[PDB]
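What follows is one structure encoded as structure tokens, with my remarks underneath.
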Amino acid sequence: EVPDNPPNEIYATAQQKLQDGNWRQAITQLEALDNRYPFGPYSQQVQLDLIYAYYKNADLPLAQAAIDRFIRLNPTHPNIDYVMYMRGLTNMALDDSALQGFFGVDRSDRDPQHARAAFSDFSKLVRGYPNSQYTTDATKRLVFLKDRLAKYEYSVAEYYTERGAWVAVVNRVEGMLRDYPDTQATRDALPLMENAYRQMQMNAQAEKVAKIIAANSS
Amino acid sequence: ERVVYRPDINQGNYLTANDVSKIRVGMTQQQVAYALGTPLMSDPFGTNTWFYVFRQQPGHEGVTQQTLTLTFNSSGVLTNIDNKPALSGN
Amino acid sequence: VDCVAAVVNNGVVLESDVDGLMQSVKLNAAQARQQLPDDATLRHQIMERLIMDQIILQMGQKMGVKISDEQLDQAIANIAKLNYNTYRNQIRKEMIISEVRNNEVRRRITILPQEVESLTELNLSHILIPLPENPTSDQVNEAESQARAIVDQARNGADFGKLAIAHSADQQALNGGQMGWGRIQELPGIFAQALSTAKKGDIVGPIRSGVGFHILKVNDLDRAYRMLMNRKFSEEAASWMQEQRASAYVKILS
Amino acid sequence: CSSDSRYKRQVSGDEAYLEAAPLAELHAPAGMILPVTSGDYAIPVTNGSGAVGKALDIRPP
Amino acid sequence: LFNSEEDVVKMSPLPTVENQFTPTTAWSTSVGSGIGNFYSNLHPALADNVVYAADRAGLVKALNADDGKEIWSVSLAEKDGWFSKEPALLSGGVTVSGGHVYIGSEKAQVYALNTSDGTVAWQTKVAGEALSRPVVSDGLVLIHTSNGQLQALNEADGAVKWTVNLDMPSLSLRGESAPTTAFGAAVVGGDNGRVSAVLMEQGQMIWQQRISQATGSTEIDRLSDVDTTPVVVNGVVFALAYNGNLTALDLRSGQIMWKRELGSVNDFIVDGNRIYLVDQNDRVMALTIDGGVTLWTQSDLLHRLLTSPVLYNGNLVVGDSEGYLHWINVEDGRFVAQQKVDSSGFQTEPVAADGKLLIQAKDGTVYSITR
Amino acid sequence: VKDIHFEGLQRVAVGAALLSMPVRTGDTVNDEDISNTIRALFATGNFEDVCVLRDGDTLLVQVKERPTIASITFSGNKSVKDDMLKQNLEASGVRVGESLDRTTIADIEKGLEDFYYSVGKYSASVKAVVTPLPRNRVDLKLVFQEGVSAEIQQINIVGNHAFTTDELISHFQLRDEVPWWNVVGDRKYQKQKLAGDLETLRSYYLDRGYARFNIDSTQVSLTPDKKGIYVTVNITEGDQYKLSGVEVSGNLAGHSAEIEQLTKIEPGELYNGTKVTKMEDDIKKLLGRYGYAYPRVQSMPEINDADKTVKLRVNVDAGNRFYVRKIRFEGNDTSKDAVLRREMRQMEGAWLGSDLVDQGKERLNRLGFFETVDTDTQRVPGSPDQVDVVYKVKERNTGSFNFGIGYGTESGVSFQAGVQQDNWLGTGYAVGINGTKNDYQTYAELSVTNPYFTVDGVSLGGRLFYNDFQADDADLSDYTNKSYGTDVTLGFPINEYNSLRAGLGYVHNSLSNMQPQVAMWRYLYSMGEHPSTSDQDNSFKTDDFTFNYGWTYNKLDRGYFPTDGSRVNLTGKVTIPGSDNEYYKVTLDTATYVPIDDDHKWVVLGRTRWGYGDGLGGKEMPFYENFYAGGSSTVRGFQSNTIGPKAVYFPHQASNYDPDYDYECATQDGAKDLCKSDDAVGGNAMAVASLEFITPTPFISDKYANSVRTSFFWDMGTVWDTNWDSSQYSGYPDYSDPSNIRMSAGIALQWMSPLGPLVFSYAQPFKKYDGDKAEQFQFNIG
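Those protein sequence lines, which keep their order, are chains D, E, F, C, B and A. All residue numbers for the first sequence refer to the authors' numbering, where the first residue is 26 and numbers rise by one. All residue numbers for the second sequence refer to the authors' numbering, where the first residue is 24 and numbers rise by one. Taken in order, the third sequence gives residues 25 to 105, 123 to 160, 172 to 273, 395 to 427; the numbers are from the authors' numbering. All residue numbers for the fourth sequence refer to the authors' numbering, where the first residue is 25 and numbers rise by one. All residue numbers for the fifth sequence refer to the authors' numbering, where the first residue is 22 and numbers rise by one. All residue numbers for the sixth sequence refer to the authors' numbering, where the first residue is 26 and numbers rise by one.
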């Protein structure tokens, strides 16, 4: 496949192939270069370009491992913010199927194991490097992920209310109110807590939730 | 229209007569928790109140709920106890 | 023009020390009333001697320690009766290598007290034909033919130093293979039966041994502990030299 | 071909995350307080002026 | 069928023949079946003009010397067990003394039989499986089971006199160690790597000395057992290890005088003032007893799976797993003769008690050798 | 020193190299200086053949660099993966990108051989090949030659007078002899299996009343050839002891009665080893069923040698009751949370039930679109009572695509296509659409089913099918059958594993220009429209307003590829007044699975199908709703629609025009008498059965054991008509005898391709009769 060349021309032609837009040739050349000279000056650039090639080619399982290895081996690299943003972006992009969205079905009440990881990585980026060039987009994605998680919890609480397990929905809405007390999902989910408190005849407790929803009815 | 199946729904904390009779006014959080167990629900708004619900419905033959309310003070002393064996709102 | 002659493990044997040793041995032989064979043979023998010296120095220079130079100066002053720094350097190298060889040989030999073992002089030359650890390839064969040829040419009357420098392997090859004064009870056991029939002015045939086919020629005709320790040290030192030479990497540049 | 002649320097096509309802707190009424938060899902206030959407470029610097 | 699933190994080819002499078979008779690919010490024995041999199944033959005449044959299969027809799995070395013959099996059972009639004199169950040739001395029969439990059966009737608990490692090599008796004390090497001398008539350890090497390169493999029989001469005990320390040590609880980095599993012989041996990788060496100075080393044979060398007419006869017999001169280590006596292969030691020479093939028959 | 010229610096910086020499620019040099500099360059371990050259113009040094390892090749590693080899080479520092050391190679080789000591190869040989490459590089080849693996020669058991050696060896895992006919393993020794085999031996002696038995020691001897392995095990079987009584005590938490019933054993029966652990596990399960998830149960035997008796004391400690704080699912990227959570018997905020969670896991398995479902109960960090339940699930490719056309023997094109989902984007629906558009027919069937219309689980389904089987291009003589039907079914579960279904349906059917067939005329005379037998001009219309019922029992471990359990499916439709037909039809399917091993690999499958239809009264069951057998789904080994009776062709002028020696069915100039044909008309009674032996795949490893299935099948089938008349035909065969049990046998392979479950089948019929077309090789999607 690849020839036995010094890093100069192989790196140049890999850059040319990526600039053309053919990801397969670029990823093959970068893999060969990384496996050939994993000590030279281009190693950092090779990894930083491999991450981009993985992300664009929809090869997230390898991209996550590459990002983890790079962030672990260089904990003080000048451009750790970029790799953190790439990690938080690939974790969120792993949460989409690109086929369900065609029909418009809401991908909100699915498995939220990748959304939480993306939120954690974006929060880590925002805390660590407040003065980067990715902070605003990171905050917007943080807000979106927060809303998505709140909607998922609201869906579970709705299912328990429908079945008739009032203790479970009370606990779920209490968790939402403790963790997410600003999202529209909690505002729309408070009546479920009201009804759940109503069912067990605990009206004295229900009056408090009634006051909560009355003070914010505007 | 009541011939369909329905699994029995359990939601309570499984109180029993001996355990509720064991509690007396004037205890602390640790030993009442040791006697009864952690409450599955408590009010998050105003104060320290512990709710012990025992809700049990088999199939379609009615619903049975026993309610226990424990009101504590700031220093973790059992200020008040209240029990309700069945659904007062019949 | 100090091109590296050979590569052994990490260090190397240069060309400067080869010429230095050739000059030193030539001058000392001249003042000791000796002659020399074809110069190519001398150069090859010197190169082999330096290879052996470097390989034995590697095991003992990277470890162990050095020798204090004040005692070195006292020793050279006492033994006395060109460049000063250079000669000082070769004397220091000889002393450190002798110390490390003595240590290594003394490790390998245990001596029970002579009481359980209870209880003349000769000046003789020792010619040794080196043999490999596994001469299965019939090395001993050609080696045997060369040994008989050496015995024949010694009978014919050629100079003993010539045949000694020809194909020896001991450290005294540069001096004709002399071993000094040795008692009949200060010789290896493979040599006692030969010494019993040996006579001054004659030659003893080769003796089979693991180290090689030894040729012994007689030139001149609390004690038991050192008497046995001398022969044990000689035998085990020869064997350990063979083992160390066998278990090493040597590259020759020509 | 993910590049597609105009997708060579930006994030995936979907951008539903730009339009999100801003987070607003719940007013605490009289006689009670809302439960204390946990501090595990919160966003700090930071300066804007950072390009978002397809304006931001994702390629190694 | 696993032969087709294994890659071909490299074994050194046989050397030039140069047959100075061509020995023949005095009588190529047979005994029982073959022991097969089962490593064991089941060499035949020679005494009082007859020869005793046995097979793996349990059949025992006594044969006449000077010819292939079959004196008698008996079967020692277990006729009193669960199935009453079980094979006894004989593995202990066939020893003979007086009118008695001693055999051991891998079933903790040691049998003693009377000569000229093949009747079972007695049998005894011992601690562990017998795997070494019993040694008769001072009215006792010493056995070395493969558990570290050295045992001494009473010769008159067969009974346990005492026991000695030698050490046993976790992945030990074979424990076919035959003790040797000198001046009323036994010497034996365990599978740990320690040679021990024990007072025979009381059952008390006299001394123990470790003869082994360091951990070497790797802990896996690199065994340090001493299963060769120690040889006692002039109050000196000679022993050999697997990795190797050819140790000569004083019999009167003394320490060692010297050692060498040579390691064998087969038996080694001492003649005059020389020691002849074959070690792992099948190299035949002759050394000096004074300080372990190697006299010569024949190593053209390599990984040929040799056997214990034996003396014959002043030369060394060596068997091979390929059925060959190699003849080595006493000095210079040069080859003398080769003999393709059989193709079954040899695994047990040759016997040269008298002028005759006997070798038992593993999968085949016995064989006698002339000059 | 004015300058220094270097000849041969390629991968070494000039500044560091200059720093290496003790002498530098502007320094006086002599022999000792340059000698010490050469020794210093070789002190750093970077060069191999440096040398200073005689240069009047300042200094000139020629430097040879140690080549860089370009790549590593591992030719010959038949039984070793390359990545572990590369890691081992890294351990000694021979990784790509560093200078190659000629000194180290031997050690390198040695290291590799040492690694082979782990696997069991002892006489291995490794050779190093250094292929030069320009730009001062090398390619490293490690040629391997593994000699032999360790082979067990014999396992010996010394000391016993109760059992034989072979009986104990037969239950081991290190077989000392494999039979010459069966080879399902080799005599390879692994240290990890020794402990398991010794535990098997100990259990074998323990369960047969040997309380004092113990293992003295074991030895693993290696022959001094590095090939053979011997194993010796010493034992002391002891004596035969008998169990007397049980004295269970502890903190029973008010459950002494049923626990004592569980441990109740009659005295006089010998001691057991498996009984003790089974009783302990059953006590633990019973305690966990009521809430006590984490008990402590110990068993201690007291043995008295006076009567060789043993008394077992069981100490039980019931901990705190465990509640569930939250149950959450992971891995469901496609199926939504409600689909998983709607089938659960253990709910949040309730005392834990160790059986309810298992029922939930088994329901999830039975659902049918989850590959693996694992449960995990994790203790809450900061609480002693509460616990969390996590379901780890892995999605599977539900749904199927059905394609193919069929052009055999220049037949017409039929671009049939179908899509089945069983799950629509994870919403839990069942949507299936199939059919074809053709110049001589049209088929369109759409099915929708929501299985959880309400919370309890009522399933609401609808099906609309329009089928015009016209077989027509230009001529009117074709049998034109146009029919559209709509069915709506509602089902509900009763008790457990049992579902009932009731529904309505309307089917409008119309037939025109029908070929003369005796059953057709019998049906028409049952309605008695009196058609003629000398012309092909017929009109028939009907509007069935039916009523469907059904009953389903489903208790099997996995929804797809089952290994245990039974399924029964009964479905029956009856007409009601207001329709032109009056009949009732019932069908019953049964599938039973029996495992053989506890590991559930070898399976016995028993499948049966029965079907019976008959007119309510006066009328008779219409011919177009008959039954059929054969094909790739009912009786493998025959073409579809072959079993059963055969049509009889009335010959007359309008039956066939006989154009250009075509249409020779029953034409007046090609036939004169009533004939028995090969066209298969369906019967009103059907019975088929099948026995399958399902075996693990002999072609794929264990990583995909639940992807393909191999089965040896034996099938039986029969179809017959009830309203038959015997003496009305003088010599024509009687198709009312339920005795011609067609049989077949063969092999079948099933594999879930990313288009559906593809099934290959080879079957050879064992019984054949007149008009029974047989096909040996069958392939379908299903």
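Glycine is no exception: its CB is placed at the ideal position from the N, C-alpha and C atoms.
Quick one: Cα of residue i to Cα of residue j, how far?
i                      : j        : result
A:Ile29                : A:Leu85  : 6 Å
A:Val163               : A:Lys152 : 15 Å
A:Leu193               : A:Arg592 : 41 Å
B:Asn334               : B:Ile349 : 11 Å
E:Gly82                : D:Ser180 : 26 Å
F:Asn52                : F:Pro61  : 15 Å
residue 877 of chain A : A:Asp762 : Missing from the structure shown is residue 877 of chain A; chain A here goes from 26 to 807 and no further.
F:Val141               : B:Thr43  : 53 Å
E:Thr61                : A:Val382 : 22 Å
B:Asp246               : B:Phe367 : 23 Å
A:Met46                : F:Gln55  : 39 Å
Can you list, in chain order, the residues of its chain whose CB lies under 8 Å from that of residue i, leaving out five sequence neighbours each side?
i        : result
A:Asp605 : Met552, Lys566, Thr567, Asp568 and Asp569
Ignore the nearest five residues each way along the sequence and tell me which others in residue i's own chain have a CB closer than 7 Å to its CB.
i        : result
A:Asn102 : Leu110 and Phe169
A:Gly695 : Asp683 and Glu689
B:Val208 : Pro200, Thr201, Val216, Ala218, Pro251, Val253 and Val258
For residue i, which residues in the same chain have their Cβ closer than 6 Å to its Cβ, ignoring the five residues on either side in sequence?
i        : result
F:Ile70  : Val42, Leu45 and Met46
A:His625 : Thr588
A:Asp126 : none
B:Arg325 : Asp303 and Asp341
A:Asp201 : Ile177, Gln179 and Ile180
Since residue i contacts residue j with CB under 8 Å, what's their CB separation in whole angstroms?
i        : j        : result
A:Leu780 : A:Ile806 : 7 Å
A:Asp512 : A:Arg488 : 5 Å
E:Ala109 : E:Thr92  : Actually they do not touch by this definition, with Cβ atoms about 15 Å apart.
Could you work out which residues of chain I lie near residue i, taking near to mean beta carbons separated by less than 9 Å?
i       : result
A:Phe67 : Any reference to chain I falls outside this structure, whose protein chains are D, E, F, C, B and A.
message: My parser needs the beta strand (DSSP E) runs of 3 or more residues fully inside the region 70-122 of chain B; what are they?
response: DSSP runs (the beta strand (DSSP E)) wholly in the region 70-122 of chain B: 71-75, 80-85, 91-96 and 116-118.
Within 9 Å of chain A by C-beta, residues of the region 88-122 of chain B in sequence order: Result list: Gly102, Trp103, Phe104, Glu107 and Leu110.
query: Going along the region 304-332 of chain B in order, which residues come within less than 9 Å of chain A, judged by CB to CB distance?
result: Against chain A - using a Cβ distance shorter than 9 Å - the residues of the region 304-332 of chain B are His324 and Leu326.
- request: Return the chain-ordered ranges of every alpha helix (DSSP H) run that is complete within the region 362-386 of chain A and spans a minimum of 4 residues.
  value: When DSSP assignments are scanned along the region 362-386 of chain A, the uninterrupted stretches of alpha helix (DSSP H) that are 4 or more residues long and fall wholly within it turn out to be 362-366.
message: If the cut-off is 9 Å on Cβ atoms, which residues from the region 195-223 of chain D count as contacting chain E, listed in chain order?
response: Within the region 195-223 of chain D, contact with chain E at the beta-carbon level (separation under 9 Å) is assigned to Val195, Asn196, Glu199, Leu202 and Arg203.
field: Contact list for the region 57-91 of chain E against chain A, Cβ threshold 8 Å
entry: Close to chain A, meaning a Cβ-Cβ distance shorter than 8 Å, are the following residues of the region 57-91 of chain E: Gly60, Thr61, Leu63 and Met64.
Entirely enclosed beta strand (DSSP E) segments - the region 137-174 of chain A, minimum 3 residues: The qualifying runs are 150-158 and 162-170.
field: Members of the region 177-196 of chain B that neighbour chain A once the beta carbon cut-off is set at 9 Å
entry: Within the region 177-196 of chain B, the qualifying residues are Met189, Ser191, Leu192, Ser193, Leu194, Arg195 and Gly196.
- prompt: What are the start and end residues of each continuous beta strand (DSSP E) run of 3 or more residues lying completely inside the region 505-557 of chain A, in chain order?
  reply: Scanning the region 505-557 of chain A for uninterrupted beta strand (DSSP E) segments of 3 residues or longer gives 505-519 and 523-537, listed from N- to C-terminal end.
Residue ranges of each beta strand (DSSP E) within the region 152-193 of chain B, 3 or longer: 156-158, 161-165, 170-175 and 181-186, all fully within the region 152-193 of chain B.
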